[PDB]
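Novice: Residue numbers for the sequence shown follow my numbering, so the first one is 220 and each next one is one higher. Quick one: the structure is below, questions incoming.
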Amino acid sequence: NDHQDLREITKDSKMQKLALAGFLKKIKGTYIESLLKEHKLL
Numbered sequence: 220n221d222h223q224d225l226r227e228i229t230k231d232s233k234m235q236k237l238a239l240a241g242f243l244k245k246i247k248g249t250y251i252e253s254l255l256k257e258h259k260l261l
């Protein structure tokens, strides 16, 4: 079900918006941001 190539973005879209929303919050909550910016992913 992971890695979408099917153009039927219904399950995917919701899981992406929830992934992004939650992640964007926890960026300033956890060391994840620290890792990203140290590795220049940010």
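The beta carbon of each residue, even a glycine, is placed where N, CA and C say it ideally should be.
#1: Just the Cα atoms here: how many angstroms apart are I246 and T229?
#2: Can you find the residues in the same chain that come closer than 8 Å, C-beta to C-beta, to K236, ignoring five residues on each side of it along the sequence?
#3: Note down, in chain order, each residue of its chain lying with its Cβ closer than 6 Å to the Cβ of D231, except the 5 sequence neighbours on either side.
#4: Which stretch, first to last residue, makes up the alpha helix (DSSP H) that contains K259?
#5: Excluding the five sequence neighbours on either side, which residues of its own chain have a C-beta within less than 8 Å of the C-beta of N220, listed in chain order?
Specialist: Judging by the given coordinates:
#1: 26 Å
#2: none
#3: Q223
#4: In the DSSP assignment, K259 falls outside any alpha helix (DSSP H), carrying neither H nor E.
#5: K230
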